[PDB]
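Trainee: Provided herewith is a single structure, encoded as structure tokens, for subsequent inquiry.
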Amino acid sequence: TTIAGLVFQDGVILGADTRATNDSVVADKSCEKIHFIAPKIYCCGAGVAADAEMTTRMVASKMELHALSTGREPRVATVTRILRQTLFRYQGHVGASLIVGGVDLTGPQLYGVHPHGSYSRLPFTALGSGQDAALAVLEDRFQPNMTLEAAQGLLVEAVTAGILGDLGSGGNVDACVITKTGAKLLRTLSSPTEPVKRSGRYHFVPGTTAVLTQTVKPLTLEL
Amino acid sequence: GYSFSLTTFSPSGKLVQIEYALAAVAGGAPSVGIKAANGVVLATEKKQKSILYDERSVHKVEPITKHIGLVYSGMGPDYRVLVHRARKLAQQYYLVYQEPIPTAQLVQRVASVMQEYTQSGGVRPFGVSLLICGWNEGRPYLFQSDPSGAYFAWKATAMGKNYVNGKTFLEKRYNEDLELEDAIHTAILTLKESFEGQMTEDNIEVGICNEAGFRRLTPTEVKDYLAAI
Amino acid sequence: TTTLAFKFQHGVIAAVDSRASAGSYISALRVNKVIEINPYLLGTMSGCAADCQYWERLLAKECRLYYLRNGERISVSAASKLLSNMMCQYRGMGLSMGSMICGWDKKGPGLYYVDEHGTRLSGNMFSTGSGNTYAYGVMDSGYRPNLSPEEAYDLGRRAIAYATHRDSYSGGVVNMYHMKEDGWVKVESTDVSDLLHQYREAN
Amino acid sequence: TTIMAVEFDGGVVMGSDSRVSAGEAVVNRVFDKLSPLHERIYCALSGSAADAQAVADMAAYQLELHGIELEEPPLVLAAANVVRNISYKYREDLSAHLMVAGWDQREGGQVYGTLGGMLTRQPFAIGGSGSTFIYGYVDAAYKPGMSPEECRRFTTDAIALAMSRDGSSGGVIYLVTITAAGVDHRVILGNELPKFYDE
Amino acid sequence: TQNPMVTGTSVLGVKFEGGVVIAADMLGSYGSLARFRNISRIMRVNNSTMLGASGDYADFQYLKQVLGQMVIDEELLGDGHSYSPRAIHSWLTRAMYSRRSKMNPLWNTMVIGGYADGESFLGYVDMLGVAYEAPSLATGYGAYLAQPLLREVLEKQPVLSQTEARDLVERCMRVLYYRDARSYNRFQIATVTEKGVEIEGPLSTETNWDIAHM
Amino acid sequence: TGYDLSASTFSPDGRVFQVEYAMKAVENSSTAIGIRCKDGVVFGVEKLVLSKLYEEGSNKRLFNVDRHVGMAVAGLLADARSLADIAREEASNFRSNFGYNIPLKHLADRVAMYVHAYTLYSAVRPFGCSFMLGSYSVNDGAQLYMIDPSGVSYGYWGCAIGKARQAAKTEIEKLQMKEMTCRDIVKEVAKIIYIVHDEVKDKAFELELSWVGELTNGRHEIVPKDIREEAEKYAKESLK
Amino acid sequence: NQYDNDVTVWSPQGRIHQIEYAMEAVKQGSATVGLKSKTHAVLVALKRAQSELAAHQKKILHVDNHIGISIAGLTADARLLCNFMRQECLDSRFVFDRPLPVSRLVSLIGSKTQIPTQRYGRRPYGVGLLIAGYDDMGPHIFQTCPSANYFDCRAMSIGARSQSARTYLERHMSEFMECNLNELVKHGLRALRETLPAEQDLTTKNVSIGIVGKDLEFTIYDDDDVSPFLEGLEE
Amino acid sequence: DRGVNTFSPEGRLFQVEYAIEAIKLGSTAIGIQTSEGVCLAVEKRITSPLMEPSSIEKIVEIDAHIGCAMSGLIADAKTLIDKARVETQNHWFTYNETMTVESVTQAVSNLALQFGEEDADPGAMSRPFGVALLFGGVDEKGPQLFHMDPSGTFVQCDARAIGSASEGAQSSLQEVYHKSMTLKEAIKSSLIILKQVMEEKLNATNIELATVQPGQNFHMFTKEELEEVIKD
Amino acid sequence: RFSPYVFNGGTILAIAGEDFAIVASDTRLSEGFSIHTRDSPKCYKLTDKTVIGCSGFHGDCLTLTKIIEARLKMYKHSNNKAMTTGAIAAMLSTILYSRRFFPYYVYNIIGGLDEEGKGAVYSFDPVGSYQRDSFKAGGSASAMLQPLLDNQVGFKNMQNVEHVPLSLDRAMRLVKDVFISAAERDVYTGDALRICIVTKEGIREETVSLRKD
Ligand SMILES: *[B]([O])([O])[C]([C]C1=[C]OC2=[C][C]=[C][C]=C12)[N]C(=O)[C]1[C][C]2[C][C][C]1O2
Ligand SMILES: *[B]([O])([O])[C]([C]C1=[C]OC2=[C][C]=[C][C]=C12)[N]C(=O)[C]1[C][C]2[C][C][C]1O2
Ligand code: NA
Ligand code: NA
Ligand code: NA
């Protein structure tokens, strides 16, 4: 996995690859690693896929309860605090490496949250097995107060460096631009690897499979 | 704690504490619910004792989730308990099934909590009747849940002060094919039957629920509906 | 340790050695490896000395409670079952206790083998302890169900004396009991090396 | 990490490097390891990041409620005890050393070490993986009666010296000066660091 | 404590005619690093009792809190009764044994010195609950260097004066500074007599290095 | 009546009678006084002797709650001793947590909230006790607090609890204690106790004196026998 | 009457009637006397027999080598409170290897017996004790009551007709501190005798004696062992 | 309706007072202590000829040297009898010895005021035991007889009667009891006093008799033995 | 890792005669190859007719000793009599077995008089197994002392020898000789020999010097 984040002029941009590997075998070519927390708070997940899935789901749920009760738009520091304290109690056994990006009454913020419960507020960050490829691209060309198009370009380049450089990363680049007027979920913002077509003419003539038993159960009675 | 029930059967087979809780609801401010063909309206009398009350600080028409909403008649503090519990229950359903809770499922889970308070030790029942609205099967839902823990699906209904008369007005003014905008007009009209004084967009509260989810009407939207009378 | 017990025409014979070892050191030359629960109930002991003494005395207390509660003695099957359940309750804990619960109840002579695993077998011949294989060889060779009391006492004393000669963890004296219809009798407490010298002198 | 705290007449100076590293990987190169426990009480974080942040947060929460019930800002001794108690109660499960320093109306500027749940007041104290290489330096350069500016200079030179020898320390130097007047936060960038022999 | 952190070395103690004297250096080592060269490892318990501790300093500071609070509690009653050196020693044995038996020891070895009802008290307690009385005590590495010298003098003269005991202790601290690699030339000497508990320090021994030319 | 059996029951006029009845037990008890002066706090108790068979010092109504804190009680004595133990444990807990002596206002707030907790339920009854806490610190000065059965805690210059609470109050008001020392105030404390004591009704009594101030080094301790005898002789001679 | 059945209910007069009813249990039981000299603490008791054919109820119990008690009230509550005292004494010798100071044991009784007087459904201990002990502060006579209150006494008497014993003790308390053990026991027996009607007298069947002092561990004298003490006076 | 731990204005727990009253409804039992042994005798109070008298157990064996006679609510006694039997066997297990008659009486007496509502375990005692017990046995102090009531008060007795006609039977015991009397004379006096207070005419089925002597274990008298003693 | 045990040494021995019982021990307390104290006797008086010898890990010796003392008091209060030698032995087996999975590292030998006034010896292993003996050796030198006792007190391996009973005088000299021999060969036995003699009159104590190295 290569997940990255970046703080620009009017917001934050979260980036992620779309590959899920089951120990050197690509299981999913198109998985969503950018999760919703609140309308202006999103989260990239890396680490143990189930732990990242259930921890993001849990905090989005706690944040809906928090927003319903308070009557206010949720704060990025609250989602970090909730995540941190839950992860700390599990002593790293909940393997969720998260990049929390969002916009609140205090502006755009970006955080890296680790499985043990430690965190960091940063202008740019990268997590996952492909984090060093993404981080090299960010260190090489990040400049503060970038325009939306300049920051999106840097983010796509950073996630792409990880996709091509890391065996545990691949597929497409997903992105999420968060600004004061909401979030633009750019699923498949770029596909570094163009359609790998083939002359896959593998048809079987009906009857080539030898059958021993057959039973038909109709359902038209219920319909 | 007191481990014995505070609600018990009388020699005539009545749960007198639930009947007295219903009297608290009957004394409460009016509430109306109307299930239109393409949505649901919830309207309530939000009349305050003085001008000094900051009207926009507390609300009677409350969201439970993105597609479910609530209103009540009776005890305000008891209501808040049920809203917190209903919001919580709707999040538990969402974590498990990854799908917004069907209105009937939420009503059933909240009705169970209300029933507990009629049998559990050292507690009295809630002095609240709820009116829950929702949108889930490409269709609208309106339910009433009373202090005993019993629930009813309604096309239209009234609760609180002058509720028996509100239900008769609704009976003759309700049609299954009414549209949401017309149903908001009808809902305000049912409240106007028992409203004492002049009805402004600050002493009544309206909530709607359609394909786009549940939301409260802003005082500007309530003003535009009151302009029509 | 070497413990043996066998049913015959005239009841049940029960014999034990008396050695206790702390590694290769003989910590006790003469310990009693038989518990007398009541006049109609005996228990032979092998394994961890403290486990044997505590659990068999706990079975004895439970048997005593049964008599006070019912004005009747416990059966050999129920007493062996009680001990077996005590062992099951502590399985995996590292207890070491092999025993034979020998007695006479409403069903005649009874002999049960009970383990620290919870094994509980009824049968008419058993042998436990580090020297059990040597006792089995002798006991099996000279056994007949129709042995006279004196012929049975000779077989018991010989199986234990011969086990003590080959097994370094068995020795001391043979403590033998004869379980009759009217209760057990302690037959003898005989020095095993004197028995072996006597056998040798007859060659 | 290299953390340092110095007592002077009227307050304290605290400094830290800025490197957060997972082995050979620098995960964060600009981390501020000086955290406020109260208005005039700070702690310097070292060891496990998750443990250090957890302890600092619980101590800040405990001290906030303590300060409100007492109708006064907490004593630096109360803050140092609060930290020391958490670190000692959970000594087999926490791997962080939180140095606690600040100002009081009763004792003034004070520096406290809580290493492994112990408690000691020191004229100055150093901690972190980098402190190892500057023990001789702080023993040779420390002088009693230093001014607030002399303490900042000492902390900066010592931390820069450790940052250059220690793989686990680097980045910028963060300084904090706590006095009755308030707190002054200052940053010495990685280009503006004091230079010494480096071959 | 499963793994001690900042630790203190040997604690000495010897009974004399009219009281007890204990000695301990002011070092807290972190492995081989002499990390804290100015910490007191001696504690005044009450007017009759004093305590010195080898082992983990954090565990000693905890015991010092628990012991100090017990003394405050007792003094609130003001009922004519007070913990004897022997009762504090007894409590500390139970406390150490109890922690040992829970597999979470307080990582220390202590020397309790006392003077009550005309009798000198000297007692040892270790992290396992091993306790006893003797005319002289030496914990840690001092059991190998200092105890042979304390015993050599006590063999010739079983009852020493306060000055005789003091010179002997000072000679032991010098031998310990020379031969124990986890010691420091800064120590305290605490004395308990009818007058009470007095802790003196920081002290140093005059070293001699003339063997460097042999 | 009816509405007065449980502390979890309000009467129709907004009162909690079980708490008022607990206060009656304090009013029916002997008088205790506390006076805050320029350099400390002085306590005095009218300790009625119920039997000549008792030892002098028995049934003490002055306690050491911490080394720097003193407590003077009035009311049901077993309840009072139970409250001294709560205050002791509370002061000890503060030292374990923060490493220094509990500030008296904080100790009073903490103890008063245990007292308050016993005024809310049918499961327990309110304390039949009113007590004062006195302390002296260099950073805090002299401090005198008084807690009643309801759970109320206030700071005082002069204070009295028991039978002659109002009688002792008009005598304390006659003192300009803000500019007086502990050594002069002891005489005044013994004198006020002798005035309010009813010789006819409550035959004999033992005067109990405590103090904590600059003189004692901020330690709460008994007023030594000699100073007590001088204040006792002065109290008797002023009575004539 | 409505403020009558619960310890948690204060009456309008600031009284806890349930505590006052528990106090009566002490008054119903037979009289016991406790007194002390500079070296000894003595307990003397009137043992009550339910019939001529029944033995006289044990009034004196052993707590520790340095402490003993005399009871008056519910015997099951006396046994419960005695067992508490014995355990508290055992813990002190286990932890501190030193006898528990008598005044500190009495404080523990006061805290322990106060707890049930403030909780619903709970009741006071229906027993009063006289405690003889000897420690670093010399001999002691302590009194404990169902109210949870406790008293340090020069001498004391509790139980049926005990006011008679208190009148004797108040008169002779000037002599007590200088008495030798026989003179002290004699004074206790004369105080005990005052409670008894003019018809009956102290016999070696209804007399129990408990003694602890500078040279004596707590010892209980009951039938033939009582005879040396009963030869001193004849009404 | 007051609680179970309420005191009366006289200083006694009401529930204990009423449990003593409940014993005045039980069948009468007598115990006599003698230098030759202790005898226990009790009336069975048989309501129907169809009832098996052998199934009415009012004299039980606690241990070989200790016996127990009971009166009052007999189902309540079954719990105390078993707790006494368990204590003897726990004492034997730990100390390898028999208990004294006094220690067994005390062990059962420790359970006496162990009742209550608030601050109790899930299924703790809600009321006292409505039973009176007479323990009779031999130890190192010789033959001993002990009495016990619902209050937990236990005392040694030379002769004691419990039950419905306890007032009348104690009068007869007081006039007939001599300290130096023999076991045969104590057994006969018990049977005479029992015949006197009993509604039915006493026979070998209507009553229960048992002896514990120095040298003899606890012995329950058989019908043949009861008939041979009835003759005098 | 932390080991809750340590070996402190010490040898104990008990002999039961017709009307006496001897319980003896050395007074050395060791750790490693060093001496804690030369005055640590291992005999503990329990009652006027029973003493116990304890050897092994000293933290357990102190603890178990205090537990026995508390238990004797508890029994005297419940039963109104002191525990007999046999009752103490049966109870001690249960206290040791209560720790079957975290044993007390103590070798115990009880010596006193039974209820017939005859001498009684009772020896245990750390987990509670026991029996009554006529004589027994325990502790570091037990293997050295025991075979001599087997020979000289049990008369084993001797032909044509008078089986004369053991007199107190004869037993005292034999305890002195075996502890002199044990101190010569066992590094953990030395300094002094404490001998406790139990008779109807009571308990006498003797202390005899042993090798100091
Ligand atoms: B046998 O299995 O070798 C033997 C059993 C034994 C020894 O002593 C007794 C006493 C009572 C019952 C059984 C018993 N075991 C031993 O020799 C060892 C001595 C002790 C330590 C290991 C084992 O038990
Ligand atoms: B130092 O001792 O090397 C350092 C302290 C540090 C770094 O980042 C933070 C954040 C919050 C508190 C302290 C802190 N430690 C580390 O960098 C380590 C790497 C990772 C594993 C332990 C700790 O965190
Ligand atoms: Na570096
Ligand atoms: Na030797
Ligand atoms: Na040597």
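Every chain in the structure tokens has a letter given in the order shown (A, B, ...), and although residue numbers restart at 1 in each chain, ligands are simply numbered from 1 in the order shown.
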Please check the contacts: residues of chain G at most 8 Å away from chain H, using only C-alpha atoms, listed as a list in words.
Mentor: residues 5, 6, 18, 21, 22, 23, 24, 25, 26, 28, 52, 53, 54, 55, 56, 57, 74, 75, 76, 77, 120, 121, 122, 123 and 126 of chain G
Trainee: Once DSSP has gone over the backbone, tell me which residues of stretch 7-202 of chain I are in strand (DSSP E or B), as number ranges by chain.
Mentor: I: 11-16, 21-26, 29-31, 34-37, 43-47, 50-56, 106-113, 119-124, 130-133, 135-139, 192-198
Trainee: Write out as number ranges by chain which residues come within 6 Å of stretch 161-169 of chain G when counting only C-alpha atoms, dropping same-chain ones fewer than 6 positions away.
Mentor: G: 31, 191-192, 194-195
Trainee: Export N, CA, C and O atoms of the chosen residues as a PDB file, in the first residue's frame?
Mentor:
```pdb
ATOM      1  N   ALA G  31     -24.097  -8.371  85.294  1.00  0.00           N
ATOM      2  CA  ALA G  31     -23.097  -7.354  85.531  1.00  0.00           C
ATOM      3  C   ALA G  31     -21.686  -7.882  85.446  1.00  0.00           C
ATOM      4  O   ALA G  31     -21.408  -9.047  85.740  1.00  0.00           O
ATOM      5  N   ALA G 191     -17.465  -4.714  94.232  1.00  0.00           N
ATOM      6  CA  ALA G 191     -18.272  -3.924  93.316  1.00  0.00           C
ATOM      7  C   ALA G 191     -19.280  -4.832  92.627  1.00  0.00           C
ATOM      8  O   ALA G 191     -20.442  -4.459  92.502  1.00  0.00           O
ATOM      9  N   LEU G 192     -18.863  -6.043  92.224  1.00  0.00           N
ATOM     10  CA  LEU G 192     -19.746  -7.010  91.568  1.00  0.00           C
ATOM     11  C   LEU G 192     -20.879  -7.442  92.511  1.00  0.00           C
ATOM     12  O   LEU G 192     -22.037  -7.536  92.095  1.00  0.00           O
ATOM     13  N   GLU G 194     -22.272  -5.753  95.019  1.00  0.00           N
ATOM     14  CA  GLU G 194     -23.267  -4.681  95.150  1.00  0.00           C
ATOM     15  C   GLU G 194     -24.466  -4.804  94.176  1.00  0.00           C
ATOM     16  O   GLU G 194     -25.588  -4.459  94.548  1.00  0.00           O
ATOM     17  N   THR G 195     -24.228  -5.284  92.939  1.00  0.00           N
ATOM     18  CA  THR G 195     -25.279  -5.490  91.927  1.00  0.00           C
ATOM     19  C   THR G 195     -26.259  -6.599  92.382  1.00  0.00           C
ATOM     20  O   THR G 195     -27.457  -6.525  92.117  1.00  0.00           O
TER      21      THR G 195
END
```
Trainee: Given the choices I:35, I:192, I:95, I:14, which gets closest to residue E:143 if the distance is worked out from only C-alpha atoms?
Mentor: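 Closest to residue E:143, using only C-alpha atoms: I:35.
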Trainee: Counting only C-alpha atoms and all ligand atoms, which protein, DNA or RNA residues come within 7 Å of ligand 1, given as number ranges by chain?
Mentor: C: 1-2, 19-22, 31-33, 45-50, 52-53, 129-130, 169-170; I: 129
Trainee: The selected residues should be written to file as a PDB file, in the first residue's frame (atoms: N, CA, C and O atoms).
Mentor:
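And here's part_13.pdb as it stands now:
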```pdb
ATOM      1  N   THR C   1       8.589 -47.074  43.296  1.00  0.00           N
ATOM      2  CA  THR C   1       7.473 -47.721  43.953  1.00  0.00           C
ATOM      3  C   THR C   1       6.992 -48.936  43.185  1.00  0.00           C
ATOM      4  O   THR C   1       7.100 -48.989  41.967  1.00  0.00           O
ATOM      5  N   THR C   2       6.461 -49.924  43.896  1.00  0.00           N
ATOM      6  CA  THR C   2       5.797 -51.066  43.277  1.00  0.00           C
ATOM      7  C   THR C   2       4.569 -51.366  44.096  1.00  0.00           C
ATOM      8  O   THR C   2       4.667 -51.597  45.300  1.00  0.00           O
ATOM      9  N   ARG C  19       9.789 -47.707  49.716  1.00  0.00           N
ATOM     10  CA  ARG C  19      10.829 -46.727  49.392  1.00  0.00           C
ATOM     11  C   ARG C  19      10.332 -45.386  48.880  1.00  0.00           C
ATOM     12  O   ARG C  19       9.427 -45.337  48.060  1.00  0.00           O
ATOM     13  N   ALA C  20      10.960 -44.294  49.350  1.00  0.00           N
ATOM     14  CA  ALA C  20      10.748 -42.931  48.872  1.00  0.00           C
ATOM     15  C   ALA C  20      12.111 -42.429  48.392  1.00  0.00           C
ATOM     16  O   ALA C  20      13.118 -42.639  49.064  1.00  0.00           O
ATOM     17  N   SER C  21      12.151 -41.798  47.211  1.00  0.00           N
ATOM     18  CA  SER C  21      13.411 -41.298  46.669  1.00  0.00           C
ATOM     19  C   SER C  21      13.334 -39.823  46.318  1.00  0.00           C
ATOM     20  O   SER C  21      12.378 -39.388  45.661  1.00  0.00           O
ATOM     21  N   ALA C  22      14.385 -39.079  46.682  1.00  0.00           N
ATOM     22  CA  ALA C  22      14.588 -37.706  46.274  1.00  0.00           C
ATOM     23  C   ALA C  22      15.721 -37.821  45.239  1.00  0.00           C
ATOM     24  O   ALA C  22      16.900 -37.756  45.603  1.00  0.00           O
ATOM     25  N   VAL C  31       8.070 -46.055  54.167  1.00  0.00           N
ATOM     26  CA  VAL C  31       6.851 -45.249  54.196  1.00  0.00           C
ATOM     27  C   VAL C  31       5.661 -46.213  54.007  1.00  0.00           C
ATOM     28  O   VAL C  31       5.771 -47.245  53.333  1.00  0.00           O
ATOM     29  N   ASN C  32       4.506 -45.852  54.576  1.00  0.00           N
ATOM     30  CA  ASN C  32       3.291 -46.629  54.391  1.00  0.00           C
ATOM     31  C   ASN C  32       2.651 -46.149  53.080  1.00  0.00           C
ATOM     32  O   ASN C  32       2.254 -44.988  52.980  1.00  0.00           O
ATOM     33  N   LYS C  33       2.612 -47.014  52.061  1.00  0.00           N
ATOM     34  CA  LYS C  33       1.998 -46.661  50.775  1.00  0.00           C
ATOM     35  C   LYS C  33       0.557 -47.187  50.654  1.00  0.00           C
ATOM     36  O   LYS C  33       0.049 -47.327  49.549  1.00  0.00           O
ATOM     37  N   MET C  45      -0.832 -46.547  46.990  1.00  0.00           N
ATOM     38  CA  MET C  45      -0.351 -45.250  46.511  1.00  0.00           C
ATOM     39  C   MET C  45       1.004 -45.321  45.779  1.00  0.00           C
ATOM     40  O   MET C  45       1.933 -45.993  46.233  1.00  0.00           O
ATOM     41  N   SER C  46       1.119 -44.594  44.669  1.00  0.00           N
ATOM     42  CA  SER C  46       2.360 -44.469  43.926  1.00  0.00           C
ATOM     43  C   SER C  46       2.393 -43.110  43.207  1.00  0.00           C
ATOM     44  O   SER C  46       1.337 -42.519  42.942  1.00  0.00           O
ATOM     45  N   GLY C  47       3.593 -42.609  42.913  1.00  0.00           N
ATOM     46  CA  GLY C  47       3.735 -41.329  42.247  1.00  0.00           C
ATOM     47  C   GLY C  47       4.324 -40.275  43.150  1.00  0.00           C
ATOM     48  O   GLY C  47       5.334 -40.525  43.802  1.00  0.00           O
ATOM     49  N   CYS C  48       3.715 -39.080  43.190  1.00  0.00           N
ATOM     50  CA  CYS C  48       4.181 -38.015  44.056  1.00  0.00           C
ATOM     51  C   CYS C  48       3.614 -38.247  45.441  1.00  0.00           C
ATOM     52  O   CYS C  48       2.388 -38.149  45.623  1.00  0.00           O
ATOM     53  N   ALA C  49       4.484 -38.534  46.437  1.00  0.00           N
ATOM     54  CA  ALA C  49       4.064 -38.779  47.808  1.00  0.00           C
ATOM     55  C   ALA C  49       3.034 -37.779  48.388  1.00  0.00           C
ATOM     56  O   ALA C  49       2.018 -38.214  48.937  1.00  0.00           O
ATOM     57  N   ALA C  50       3.268 -36.458  48.255  1.00  0.00           N
ATOM     58  CA  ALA C  50       2.346 -35.457  48.787  1.00  0.00           C
ATOM     59  C   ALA C  50       0.980 -35.527  48.093  1.00  0.00           C
ATOM     60  O   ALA C  50      -0.037 -35.506  48.784  1.00  0.00           O
ATOM     61  N   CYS C  52      -0.427 -38.205  46.595  1.00  0.00           N
ATOM     62  CA  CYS C  52      -1.035 -39.438  47.100  1.00  0.00           C
ATOM     63  C   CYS C  52      -1.654 -39.200  48.469  1.00  0.00           C
ATOM     64  O   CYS C  52      -2.864 -39.373  48.629  1.00  0.00           O
ATOM     65  N   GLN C  53      -0.846 -38.747  49.439  1.00  0.00           N
ATOM     66  CA  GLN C  53      -1.314 -38.562  50.806  1.00  0.00           C
ATOM     67  C   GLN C  53      -2.466 -37.582  50.943  1.00  0.00           C
ATOM     68  O   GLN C  53      -3.406 -37.863  51.659  1.00  0.00           O
ATOM     69  N   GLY C 129       3.489 -48.052  39.609  1.00  0.00           N
ATOM     70  CA  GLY C 129       4.797 -47.620  40.075  1.00  0.00           C
ATOM     71  C   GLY C 129       5.912 -47.945  39.112  1.00  0.00           C
ATOM     72  O   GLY C 129       5.714 -48.698  38.154  1.00  0.00           O
ATOM     73  N   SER C 130       7.105 -47.407  39.374  1.00  0.00           N
ATOM     74  CA  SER C 130       8.288 -47.642  38.559  1.00  0.00           C
ATOM     75  C   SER C 130       8.642 -49.127  38.424  1.00  0.00           C
ATOM     76  O   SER C 130       9.276 -49.490  37.438  1.00  0.00           O
ATOM     77  N   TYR C 169      14.139 -47.715  42.343  1.00  0.00           N
ATOM     78  CA  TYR C 169      13.215 -46.847  43.056  1.00  0.00           C
ATOM     79  C   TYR C 169      12.188 -47.614  43.913  1.00  0.00           C
ATOM     80  O   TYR C 169      11.290 -46.995  44.476  1.00  0.00           O
ATOM     81  N   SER C 170      12.364 -48.941  44.073  1.00  0.00           N
ATOM     82  CA  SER C 170      11.557 -49.806  44.934  1.00  0.00           C
ATOM     83  C   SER C 170      12.473 -50.535  45.921  1.00  0.00           C
ATOM     84  O   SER C 170      13.544 -50.996  45.520  1.00  0.00           O
TER      85      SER C 170
ATOM     86  N   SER I 129       4.431 -34.128  52.097  1.00  0.00           N
ATOM     87  CA  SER I 129       4.369 -35.555  52.455  1.00  0.00           C
ATOM     88  C   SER I 129       5.103 -35.756  53.767  1.00  0.00           C
ATOM     89  O   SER I 129       6.111 -35.092  54.019  1.00  0.00           O
TER      90      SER I 129
END
```
Trainee: Taking only C-alpha atoms and all ligand atoms into account, list the residues no farther than 9 Å from ligand 5, as a ChimeraX atom specification.
Mentor: /I:33-35,187,212-213
Trainee: Quick one: write out the picked residues with N, CA, C and O atoms as an mmCIF file, in the first residue's frame?
Mentor:
```cif
data_model
loop_
_atom_site.group_PDB
_atom_site.id
_atom_site.type_symbol
_atom_site.label_atom_id
_atom_site.label_comp_id
_atom_site.auth_asym_id
_atom_site.auth_seq_id
_atom_site.Cartn_x
_atom_site.Cartn_y
_atom_site.Cartn_z
ATOM 1 N N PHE I 33 28.448 -18.269 47.898
ATOM 2 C CA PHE I 33 29.595 -18.799 48.630
ATOM 3 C C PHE I 33 29.975 -17.795 49.777
ATOM 4 O O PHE I 33 31.094 -17.763 50.270
ATOM 5 N N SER I 34 28.967 -17.071 50.295
ATOM 6 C CA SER I 34 29.152 -16.123 51.371
ATOM 7 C C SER I 34 28.203 -16.410 52.559
ATOM 8 O O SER I 34 27.203 -17.119 52.406
ATOM 9 N N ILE I 35 28.569 -15.914 53.752
ATOM 10 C CA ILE I 35 27.832 -16.101 54.995
ATOM 11 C C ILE I 35 27.059 -14.826 55.376
ATOM 12 O O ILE I 35 27.647 -13.748 55.506
ATOM 13 N N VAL I 187 30.010 -27.337 53.329
ATOM 14 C CA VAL I 187 30.347 -25.912 53.425
ATOM 15 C C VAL I 187 29.194 -25.071 54.027
ATOM 16 O O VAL I 187 29.434 -23.983 54.516
ATOM 17 N N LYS I 212 34.260 -22.613 62.003
ATOM 18 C CA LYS I 212 33.873 -21.295 61.477
ATOM 19 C C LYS I 212 34.173 -21.085 59.999
ATOM 20 O O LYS I 212 33.541 -20.238 59.381
ATOM 21 N N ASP I 213 35.100 -21.853 59.418
ATOM 22 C CA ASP I 213 35.370 -21.743 57.989
ATOM 23 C C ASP I 213 34.269 -22.493 57.152
ATOM 24 O O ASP I 213 33.305 -23.045 57.764
#
```
Trainee: If the limit is 8 Å from any atom of ligand 3, counting only C-alpha atoms and all ligand atoms, which residues qualify? Return them as a list in words.
Mentor: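 Here is the list of contacting residues: residues 162, 163, 164, 165, 166, 167, 168, 169, 170 and 171 of chain D.
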Trainee: Excluding same-chain residues fewer than 3 positions from residue F:43, what lies within 12 Å of it counting only C-alpha atoms, as a PyMOL selection string?
Mentor: chain F and resi 31-37+40+46+61-64+69-73+131-135+144-145+158-161+182+185-190+192-193+207-213+220-223+228
